[PDB]
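Take a look at the structure set out below.
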Amino acid sequence: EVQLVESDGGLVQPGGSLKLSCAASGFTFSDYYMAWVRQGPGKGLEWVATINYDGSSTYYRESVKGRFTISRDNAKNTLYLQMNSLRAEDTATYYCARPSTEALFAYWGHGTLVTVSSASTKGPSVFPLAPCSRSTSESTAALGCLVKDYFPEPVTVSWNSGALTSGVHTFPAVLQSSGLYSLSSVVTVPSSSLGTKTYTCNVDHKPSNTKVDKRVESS
Amino acid sequence: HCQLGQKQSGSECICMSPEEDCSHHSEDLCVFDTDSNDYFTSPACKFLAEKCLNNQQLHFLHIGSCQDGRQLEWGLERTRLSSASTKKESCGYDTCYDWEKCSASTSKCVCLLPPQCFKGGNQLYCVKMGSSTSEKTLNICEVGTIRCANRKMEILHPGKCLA
Amino acid sequence: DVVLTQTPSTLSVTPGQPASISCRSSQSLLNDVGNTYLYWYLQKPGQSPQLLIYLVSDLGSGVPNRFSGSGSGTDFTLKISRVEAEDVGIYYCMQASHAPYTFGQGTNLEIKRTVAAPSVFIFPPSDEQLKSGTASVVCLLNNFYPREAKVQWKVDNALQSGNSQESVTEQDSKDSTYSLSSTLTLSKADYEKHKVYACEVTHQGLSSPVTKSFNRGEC
Amino acid sequence: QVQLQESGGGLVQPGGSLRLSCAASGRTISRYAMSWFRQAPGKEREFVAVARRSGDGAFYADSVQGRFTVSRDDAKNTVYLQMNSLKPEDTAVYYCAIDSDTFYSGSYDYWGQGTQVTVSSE
């Protein structure tokens, strides 16, 4: 199986530097060109750079020249993208891509998020979302947990350590006017279960090394 | 059951005769002959019979009767380069080489773009590309995609550049 | 730079029905040897883009044959003969006939289903959050279609505006519905100055608005 | 004021067909979605179908999908509900309503008085 794994992204202040890496496996890495493609918040796609087999020839998008440098290390099966003088318009998810005989970008990694921002890393507070009252006549009850005031993206939320998936809705984060992010995760359950089964949301904000397990019960 | 240019004969699957078995209509092709070194229009029936009979000096250029132009010109460059190709993929009337993808939906050999070239173990060539004084090493797929793009270059010698 | 302009930007297709997406190029993608380097990609939600069609009409490896492509010059078209739920995502055209490589802005493909009104739930702020000096009140609109809805917050019948932010999920892969969360944020002091908190919900599947509410001081 | 008036109600056998219409006056419907609701006697009023602006599609309730079709004639300021394969459970008073929100949130501010559809049962 062809596999490409980007990393070494993350938060960087404006004008700072970042060197992305992309580890290849499942094919002879030095037999292929490689490329970087990025996707900004508007979800457009934009080619960044291409490199030939040994790095003796490089190609660059015009908005990026003199600032990024594509390189590779075929002994370590790794593609790189040094990025200097980073601007807010460089904020995007960056993918490394390998061509095939069918297309220029045939195989893609999952991508690494690059956030260019002056704001500081901050972990979230996790608060319960429970009804004012335990049940009422309703045959279904909703509960959740609010993951508030963190930076940068992303957080992941699971319920009962992944054992609960049916009925789970984890919303996209919203940027609040303070500049920090906030999201909520919710689950609907039969109201009969609110005495027999427990419900715990597992929040993970890896940029701040934050892990929180929050059990949600109705006061 | 039988292949192009072939006909069923007594449970055998033999080649067709271009001068006996093509009295019907077939579409015009533009073809090149290595021996006479001229190109000419030919019926598809006769051409496919010739390729069944191993007339390796006869090459496909383009569909329809011959029209001069870049596509015809590139067809002639393909023929001179075809001895250097290890891939010989059948594709409609055409035979695609290391620098081309067979487009099945159209039965046309389509030139790869240079970054699509799988180096693998292809034969290397030292070249200079026009308006520059810096040698570069290219494999045969790369060289073919460059000629197809009609880009200035000169080969200097087989093998990688010594510098 | 060749600009690829896709049309429509959004379309909704019932499963089993066909779909058609067009891509108009600002410059002809046919070159002087008869070749045309147009490609189509799909980015499913939360995943990286994947190839569907190469060279106008050739099918990528592992792509189902209900996908097809056609066109020439400047006008190109992707067609899905029988849409399935797994085809939801954003579809991009891409050209490599004229450097730099460029993508289209993308076309969102929604799975059309029958109308479902939202189930509404309201969550008061947690006692933990109130001790920190802020109150977030959340209104959940769960499992509804079509996507358009209106949330209206009221605090002692005073209509709120500019206080709230909302977020809606991707289309659920199993029942093709959406969910929406809306968070009303106040200071603890403003929150304790009022009694009745309500979110009024309207949706084209509702004959009249649904209102969920609680009285502060009863939780 | 904005007046809506439904017509076309009558009795039909199971399997039969009916075409309701709803003519608007006092405002041009062309910029607004138009929706059909129905209410059996002593039951709750439930959504049936919505015709949005031309090109923005039509959407249907689960109980009538594939059987009912909604359409518009903006020149006539009228919308129609083509009812096919009728069943006894379709018996109800049928109302049209205008969505005053051009962004389609379902702000149903004006309603017709309704027209009765009866399906022969037995």
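Here is how names work: the chains are called A, B, and so on, in the same order as the sequence lines, proteins then strands, and each is numbered from 1.
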Do C/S167 side-chain atoms and A/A173 backbone N/O form a donor-acceptor pair below 3.5 Å? no
Show your working on side-chain contact (heavy atoms from CB on, under 4.5 Å) between A/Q39 and C/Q43 and close with a plain yes or no. CA-CA 11 Å; A/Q39 174 165 49; C/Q43 183 169 25; 2.8 Å; yes
Non-hydrogen side-chain atoms of C/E128 and A/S125 separated by less than 4.5 Å: no
List the atom of A/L129, the atom of C/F123, and the distance in Å for their closest heavy-atom pair. C-CD2, 3.6 Å
Non-hydrogen atoms of chain A under 4.5 Å away: do they reach the side chain of C/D1, the backbone, both or neither? side chain
Please flag which part of A/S133 lies under 4.5 Å from any non-hydrogen atom of chain C: side chain, backbone, both or neither. neither
Please classify the contact of A/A142 with chain C as side chain, backbone, both or neither, using a heavy-atom distance under 4.5 Å. both
If every non-hydrogen atom of A/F171 is compared with every non-hydrogen atom of C/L140, which pair is closest and at what distance? CZ-CD1, 3.6 Å
Using the side chain to side chain contact (heavy atoms under 4.5 Å, CB included) definition, which of the options C/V168, C/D172, C/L180 pairs with A/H169? C/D172
Can you tell me which portion of C/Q165 sits under 4.5 Å from chain A's heavy atoms? Options are side chain, backbone, both or neither. side chain
Between A/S219 and chain C, which part of the residue has a heavy atom less than 4.5 Å away: side chain, backbone, both or neither? side chain
So, do C/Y54 and A/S100 sit near enough that their side-chain heavy atoms are less than 4.5 Å apart? no
Work out which heavy atom in A/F105 is nearest to a heavy atom in C/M94; give both atom names and the distance. CD1-CE, 3.5 Å
I'd like to know if the side chain of A/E102 pairs up with that of C/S61 as donor and acceptor (distance under 3.5 Å, no hydrogens or angles considered). yes
How close do C/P100 and A/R61 get, heavy atom to heavy atom, and via which atoms? CB-NH2, 4.4 Å
What part of A/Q176 gets within 4.5 angstrom of chain C, counting heavy atoms only: side chain, backbone, both, or neither? both
Less than 4.5 Å to any heavy atom of chain C: does that hold for the side chain of A/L183, its backbone, both, or neither? neither
